[PDB]
There are 2 protein chains.
Amino acid sequence: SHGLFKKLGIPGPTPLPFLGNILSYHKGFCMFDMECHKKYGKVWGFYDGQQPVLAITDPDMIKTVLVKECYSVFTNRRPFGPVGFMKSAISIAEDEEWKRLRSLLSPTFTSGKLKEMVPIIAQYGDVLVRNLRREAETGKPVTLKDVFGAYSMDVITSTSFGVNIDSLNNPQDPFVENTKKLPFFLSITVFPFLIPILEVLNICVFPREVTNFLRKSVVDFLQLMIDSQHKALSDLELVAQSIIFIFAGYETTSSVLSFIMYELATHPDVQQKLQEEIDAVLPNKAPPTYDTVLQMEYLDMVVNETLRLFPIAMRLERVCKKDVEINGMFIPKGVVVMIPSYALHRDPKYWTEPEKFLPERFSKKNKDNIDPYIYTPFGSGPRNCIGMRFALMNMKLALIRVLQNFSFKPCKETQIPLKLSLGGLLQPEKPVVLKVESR
Amino acid sequence: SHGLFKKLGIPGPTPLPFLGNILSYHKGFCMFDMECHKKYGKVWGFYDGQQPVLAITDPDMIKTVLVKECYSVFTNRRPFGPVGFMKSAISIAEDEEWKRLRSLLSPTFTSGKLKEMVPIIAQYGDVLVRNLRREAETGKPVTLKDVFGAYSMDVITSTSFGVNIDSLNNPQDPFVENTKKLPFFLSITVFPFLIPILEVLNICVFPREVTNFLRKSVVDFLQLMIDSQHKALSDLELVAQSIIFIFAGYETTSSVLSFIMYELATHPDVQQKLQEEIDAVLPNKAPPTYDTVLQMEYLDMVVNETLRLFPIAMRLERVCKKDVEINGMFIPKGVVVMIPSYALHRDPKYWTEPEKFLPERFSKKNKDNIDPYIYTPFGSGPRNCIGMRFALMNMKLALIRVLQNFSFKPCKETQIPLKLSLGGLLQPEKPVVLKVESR
Ligand SMILES: CC(C)c1nc(CN(C)C(=O)N[C@@H](CCN2CCOCC2)C(=O)N[C@H](CC[C@H](Cc2ccccc2)NC(=O)OCc2cncs2)Cc2ccccc2)cs1
Ligand SMILES: CC(C)c1nc(CN(C)C(=O)N[C@@H](CCN2CCOCC2)C(=O)N[C@H](CC[C@H](Cc2ccccc2)NC(=O)OCc2cncs2)Cc2ccccc2)cs1
Ligand code: HEM
Ligand code: HEM
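Residues carry numbers counted from 1 along their chain as the sequence is written. These may differ from the entry numbering, and residues without coordinates are not shown. Here every chain gets a letter starting at A, and every ligand a number starting at 1, in the order they are written. As a rule here, side-chain values cover all heavy atoms of the structure and leave hydrogens and water aside.

In terms of determination method and resolution, the entry is listed under X-ray crystallography at 2.50 Å.

Now, about the coordination of the iron atom of ligand 4: what can you tell me, with residues and values included?
All names here are of chain B. The donor set comprises N, O and S atoms within 2.8 Å of the metal, extended to 3.2 Å for Na, K and Ca; water molecules are omitted, so apparent gaps in a site may simply reflect that omission. One donor from the polypeptide reaches the iron atom of ligand 4: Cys385 (SG), at 2.4 Å. Around the iron atom of ligand 4 sit six donor atoms, and with donor-metal-donor angles ranging over 73 to 177° the site reads as octahedral. Tracing the chain through its elements places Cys385 in the loop between helix 17 (341–345) and helix 18 (388–405). Under the classification used here, a metal with four donors is tetrahedral if each angle lies between 85 and 135 degrees, square planar if opposite donors are over 155 degrees apart and the others between 65 and 115, a six-donor metal meeting that same test is octahedral, and anything else is irregular. Comment: elements are numbered from the N terminus, with helices defined as DSSP H or I runs of at least four residues and strands as E runs of at least two.

Report on the site of ligand 3, specifying residues and quantitative values.
Residue and element names in this part refer to chain A. Throughout this document, a residue counts as near a molecule or strand when at least one of its heavy atoms sits within 4 Å of that molecule or strand. Neighbouring ligand 3 are 25 residues, the closest being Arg77, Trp98, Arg102, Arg318 and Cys385. The side chain of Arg102 places a nitrogen or oxygen atom 2.8 Å from an oxygen atom of ligand 3. Throughout this description, a polar contact denotes any pair of N or O atoms lying within 3.5 Å of each other; where both atoms belong to protein, one of them has to be capable of donating a hydrogen while the other can accept it, and for residues adjacent in sequence the pair is counted only when both atoms sit in side chains. For ligand 3, an oxygen atom lies 2.8 Å from a polar atom in the side chain of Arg318. Sorting the residues of the shell around ligand 3 by element identifies helix 4 (95–105), helix 13 (235–266), strand 4 (315–319) and helix 18 (388–405) as the ones contributing at least two each. With five residues, helix 13 is the single largest residue contributor to the shell around ligand 3. Note on residue categories: nonpolar means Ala, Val, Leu, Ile, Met, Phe, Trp, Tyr, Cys or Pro, charged means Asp, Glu, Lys or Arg, and polar means any other residue, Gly included. When the residues that make up the shell around ligand 3 are grouped by side-chain class, the tally is 15 nonpolar, six polar and four charged.

Lay out the nonpolar core with the relevant residues and their values.
By size, the foremost hydrophobic cluster in this structure holds 124 residues, and its most contacted members are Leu54, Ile56, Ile260, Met261, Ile331 and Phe408 of chain A. The element best represented in this core is helix 13 of chain A, accounting for 14 residues. Ignoring sequence-local partners within four residues, the contact set of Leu54 of chain A consists of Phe5, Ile10, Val43, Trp44, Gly45, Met329, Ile331, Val335, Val336, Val337 and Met338 of chain A. Joining through side-chain atoms within 4.5 Å is the link that ties buried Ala, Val, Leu, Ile, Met, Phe, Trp, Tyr and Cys residues into a set, and such a set is a nonpolar core. Here's how the labels work: a residue is buried when its accessible area is under 20% of the maximum for its type, exposed when over 50%, partly exposed in between, all with a 1.4 Å probe on protein chains only. In this structure, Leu257, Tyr375, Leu399 and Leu418 of chain B belong to the second largest nonpolar core, which totals 116 residues. Contacts were defined at the residue level, with two residues in contact if any of their heavy atoms lie within 4.5 Å.

Report on the site of ligand 2, specifying residues and quantitative values.
Residue and element names in this part refer to chain B. Neighbouring residues of ligand 2: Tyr25, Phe29, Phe80, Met86, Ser91, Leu186, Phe206, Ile244, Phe247, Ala248, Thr252 and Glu317. The protein chains shown are the only cover counted for residues, whose accessible areas, like all others here, come from Shrake-Rupley with a 1.4 Å probe. Calculation on ligand 2 without its partners gives an accessible area of 970 Å², and the protein chains cover 71% of this total. Here the shell around ligand 2 gets four residues from one element, more than from any other, and that element is helix 13 (residues 235–266). For the shell around ligand 2, the class distribution of residues is nine nonpolar, two polar and one charged.

Describe the pairing of strand 1 (residues 43–48) of chain A, naming the residues involved and giving the relevant values.
Residue and element names in this part refer to chain A. With respect to burial, strand 1 is a largely interior element, six of its six residues being buried. Burial along strand 1 is two-sided: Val43, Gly45 and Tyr47 and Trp44, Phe46 and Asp48, pointing in opposite directions, are all buried. Examined bridge by bridge, strand 1 and strand 2 (residues 51–56) share six bridges and lie antiparallel to one another. Across the sheet, the residue bridging to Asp48 is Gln51, located in strand 2. Two strands make a pair as long as DSSP finds a minimum of two bridges between them. The antiparallel hairpin formed by strand 1 and strand 2 contains two residues in its connecting segment, where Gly49 sits at a positive phi of about 70°.

Could you give an account of the environment of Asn366 of chain A, with specific residues and numbers?
Its place among the elements puts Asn366 of chain A in the loop between helix 17 (341–345) and helix 18. Look past the residues within four positions of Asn366 of chain A in its chain and what remains in contact with it is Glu360 and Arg361 of chain A.

Before we move on, could you go through the environment of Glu69 of chain A and cite the residues and values that matter?
All names here are of chain A. Tracing the backbone through its elements, the reader meets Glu69 in the loop between helix 3 (59–68) and helix 4. For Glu69, a relative accessible area of 27% puts it in the partly exposed group. Excluding residues that lie within four positions of it along the chain, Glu69 makes contacts with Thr64, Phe74 and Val324. At 3.4 Å, the side chain of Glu69 and the side chain of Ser72 are in polar contact.

How would you explain the relation of the copies chain A and chain B if you had to name every residue and give the values?
Overlay of chain A on chain B (RMSD 0.0 Å): rotation 180°, translation along the axis 0.0 Å. What we have between these two chains is a two-fold relation. A shared binding surface is used by both copies, with 100% of the interface residues of chain A retained as interface residues in chain B. Their C-alpha atoms serve as the basis on which the copies are superposed by least squares.

Summarise the interface of chain A and chain B; cite the residues concerned and give the values.
Listed as interface residues are four residues of chain A and, on the opposing side, four residues of chain B. Each of two parts loses accessible area, computed with a 1.4 Å probe, when they are put together; buried area is these two losses added. In this assembly, chain A packs against chain B so that about 540 Å² is buried in total across both faces, 90% of it on carbon and sulfur atoms. Note on definitions: salt bridges are taken to be side-chain nitrogens of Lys or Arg within 4 Å of carboxyl oxygens of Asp or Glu. For the pair chain A and chain B, the number of links is zero salt bridges. Summed over the shared surface of chain A and chain B, the number is zero residue pairs in polar contact. Of the residues belonging to the side of chain A that touches chain B, the class tally is four nonpolar, no polar and no charged.

I'd like to hear about the side chain of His2 of chain A, residue by residue, with values.
Residues and elements named next belong to chain A. Summarising the element assignment, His2 is placed in the segment before helix 1 (4–8). Residue classification places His2 among the buried positions, given a relative accessible area of 19%. Each residue touching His2, except ones within four places of it in the same chain, is listed here: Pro15, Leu16, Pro17, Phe18, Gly20, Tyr47, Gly49 and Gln50.

Help me get a handle on the packing of helix 7 (residues 144–161) of chain A against helix 18 of chain A, residues and values and all.
Residue and element names in this part refer to chain A. Only the stretch in contact is used when fitting a helix axis, every axis being a line fitted to C-alpha atoms; angles between N-to-C directions are given from 0 to 180 degrees. Where helix 7 contacts helix 18, the axes come no closer than 11 Å and their chain directions differ by 130°. In terms of axis orientation, helix 7 runs oblique to helix 18. For the pair helix 7 and helix 18, the sense of crossing is right-handed. Across from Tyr151, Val155 and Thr159 in helix 7, the residues of helix 18 making contact are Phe390, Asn394, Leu397 and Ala398. Grouping the amino acids of the contact of helix 7 with helix 18 by side-chain chemistry returns five nonpolar, two polar and no charged. An angle below 35 degrees is treated as roughly parallel, one above 145 as roughly antiparallel, one from 65 to 115 as roughly perpendicular, and anything else as oblique. Throughout, a crossing is termed right-handed when the near helix is turned clockwise from the far one, and left-handed when it is turned anticlockwise from it by less than a right angle.

Kindly report on the sheet that holds strand 7 (residues 336–340) of chain A, identifying the contributing residues and their values.
Residue and element names in this part refer to chain A. On the basis of which strands lie adjacent, the open sheet formed by four strands has the order 1-2-7-4 and mixed pairing. Here the strands that pair on one side only, and so sit at the sheet edges, are strand 1 and strand 4. Between one strand axis and the next, the sheet turns by 30° as a mean value, whatever way the strands run. In the sheet, strand 2 pairs with strand 7 via three bridges, with the strands oriented parallel. Each bridged residue has a counterpart across the sheet, and for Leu54 the counterpart in strand 7 is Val337. Of the strands in this sheet, strand 1, strand 4 and strand 7 touch helix 2 (residues 29–40), which is tilted by about 140° from strand 1.

Could you give me a rundown of the packing of aromatic side chains, with the residues and numbers involved?
Between the rings of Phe, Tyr and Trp (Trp by its six-membered ring), a pair exists once the centres lie within 6.5 Å; its type follows the angle of the planes, with under 30 degrees stacked, over 60 edge-to-face, and the other angles tilted. The final tally for this structure, using the stated rule, is 30 aromatic pairs over all chains. Between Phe109 of chain B and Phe245 of chain B the ring centres are 5.2 Å apart and the planes differ by 85°, which places this aromatic pair in the edge-to-face class. A residue is classified by how much of its surface remains accessible, and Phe109 of chain B, at 14% relative accessible area, is buried. Taken together, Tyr25, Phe29, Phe32 and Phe46 of chain A form an aromatic cluster joined through their ring pairs. Note that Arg308 of chain A overlies the ring of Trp351 of chain A, its terminal NZ or CZ placed 5.2 Å from the centroid. Taking NZ or CZ as reference, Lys349 of chain A lies 5.4 Å from the ring centre of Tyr350 of chain A, over its face. Two limits define a charge over a ring: the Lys NZ or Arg CZ must be within 6 Å of the ring centre, and within 35 degrees of the ring normal.

This is the structure we're talking about:
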């Protein structure tokens, strides 16, 4: 298959037998995407082992793939190794199975249901401040990843199961043992023929401890999914969607929050301007609500600029169902089409000083000079992030309460400039540690 | 997956882990189909390893699968182990790739093109008689499988490539060496996860000698396929369809002819009545033509009754693309639906004395008391045997010339009653040997 892109006339790095271009991932596939963008242009191809992958950076062509030709050609993502029963998760399901799960789960992420989840998940803001109050009296740096990981865990557990744990001060609740389990993954691309082997060996990507407990354990997601019971639902599928929410509500929410605090501490001018906006909207540590969170323009600008610098999905991907000719280029069946979000967010073409953290990019004035198909932190089209608004509301409620009571400064232990780990996840190379003061 | 049919309420034999019901194939899957039909009824399910297979015998439900719901749900067959480039063969291709190959190849099997192929393939009838004249003067039994295999090989080679070999008296032509290559196949069902392994090991089901020669070697099929050059064609695909024709034109044609002669020798009353019909239509060894072959009613009755007793495909199969409820029964996605042709052809319900060779079943009178979805020797629907009329014309031209000059009687070496081999192909357990006289 290594002669497909040279047959179609698409430029790209020459692949090695069996491996393809995977050795070029040694610097991280984000840097690989940037270098390929810099020397090839709007379109290039490469091989994850034997799998051809076509990268596209044209906004019109990206809209055609993510939106216009979604249900017909670009419906599904590229599958991974052993999935087990998680094949019924919405982010993994395909074609009409995904369409069914999308319809059953879409009302669960309504603005109305989100407005009902605000008074519940705000109670853990009072918990996060106290969990941050005690660790701030030490006078020594704090690992936000844990204090945020605790808060984020408290949210998914409460607004999906009513399990009101204090995850930090309770490493004992039966709903914290299993959640605690949320080199190999690269041997899948050289050996894609091994996936059917692991699907009969039942080696899932998780321990047997996790899924067996949640299967029995099976306003909140669990209710609203049982409330709305292609049209049909099942028992094991209910656990699959629950697992998909927990990883998202934990790893993504806490990672972005840690990224935001690093930018707020290393840019204290932005931090005060945010604290002053929060004070003018919520006088003297006033409790935030749904209606008042949407009122903070500069808070929305800070979150958007962090997600530009650190788009935790890095890439969007779709599998070509059939043959197609999109915006003047032929794409054969089986090719994975990929949108390099990280590279596009840092493209010197569309961005002035892309490496700079400049929240004013997303002010009401310039926000219009932003192509929604270059800046895609939540994807786009019928299969974008279904929990975008919940994620934005969750992180902002955390930032308001944390900044209403505390200020954040760097340390000798803080990694400046921050470097990104060269793994499969977009996260800091070393944990973000910051000096925490109070007011 | 072994709990699917008991969940849907469908009866069937209890499967063993890993194996499913494959041990029940020890008596041949034809007998397994008959026994399951006798004790379960219209519908039953079983497992080829982990693969659920649903058998159906209702004519209305069979028409729904083979015809009415073909393009939407039941488009493709059940794939096998390593296919290599043969995935582009029409009998193996899927969905829109098959639809494209079906359109490009359908005019090649037109009655008009067949009428043009008659004067060419009839010249080998003059060759078959001479190849049967010399072996008949021995006074010792003959193996029709070889004399027919020679004739059949001469036909595909001439009416697809103009390669006018005398395959019997020329084991030297470069077009006979490769064609000569036309336990393991059961290890595929217990280990379906090994197919992706063999697709990268490139171990095809053929030697490397065969495909490499035909790829370079690449009225007749080759012309008409290049003449008509989704709409597009390719080089390696041209060889794939050529290989699919050669196996069909050889193994099926000679096997049925051997089955016909066994029935004609063991029923000499049918043999004389056929010889008298041929004489009244073609006076004194007259040369047969297209228009005069269709004029022999009793010849058509003999061929149809042999194909009833020995339907060489044995089973028709379709893969369920989605979920469906057909003629009052729900079929989930992934289930292979199977029509047991051999069992239905010998069902005491629709057939009086099914084990008897009675050509009068297909007389113009009773031919109407025959459900076309119980008697399916060439399948039915958009994916039936595309070469049905060529196969019927080819075998009949062989029978006319062979019976215009010879008569056939059994021997001490003849296996009476004939037993079928318990392999994967429908062929005699031991070769059909018959005494050959002349006139
Ligand atoms: C190694 C390198 C060459 C890479 N190869 C890729 C290919 N590649 C885009 C993925 O498929 N990588 C997977 C991660 C696992 N590997 C490793 C790389 O090879 C095989 C696939 C990925 O993470 N994909 C998700 C699938 C589900 C994941 C994690 C998970 C797994 C099992 C059970 C539960 C969760 N997350 C998830 O449940 O979504 C929640 C979120 C919502 N919002 C942000 S996350 C599909 C997905 C879903 C949403 C957003 C993005 C992606 C990348 S780097
Ligand atoms: C062992 C037992 C449990 C069985 N499991 C099946 C499943 N099963 C219905 C098939 O798929 N078995 C294959 C035979 C190979 N195995 C063995 C069983 O497991 C895996 C599949 C079969 O023969 N299928 C054909 C595929 C192509 C074949 C032979 C061939 C293979 C490679 C290159 C070229 C030819 N023939 C063919 O090219 O067609 C020409 C004809 C036209 N007219 C009569 S033949 C699909 C097909 C096409 C036409 C008619 C019927 C079927 C059965 S018994
Ligand atoms: C900062 C937080 C988050 C970010 C940046 C993010 C980003 C993304 C992105 C880029 C995609 C892929 C969109 C595409 O391929 O077009 C995605 C998919 C998805 N996300 Fe998120 N996500 C976040 C949090 C969440 C949360 C909290 C949930 C649920 C509680 C969630 C649920 C999903 C699901 C289910 C999908 C797959 C949708 C489908 O396949 O139909 N995500 N997310
Ligand atoms: C006595 C001779 C033959 C018999 C009994 C026979 C029987 C069959 C049967 C039962 C099928 C499956 C139909 C279905 O699944 O609905 C089939 C398919 C097929 N046959 Fe034949 N066949 C014969 C000879 C031939 C010949 C001579 C050719 C070509 C030269 C041929 C080409 C094909 C093809 C291409 C298919 C697959 C069609 C598709 O998938 O679109 N067959 N045959």
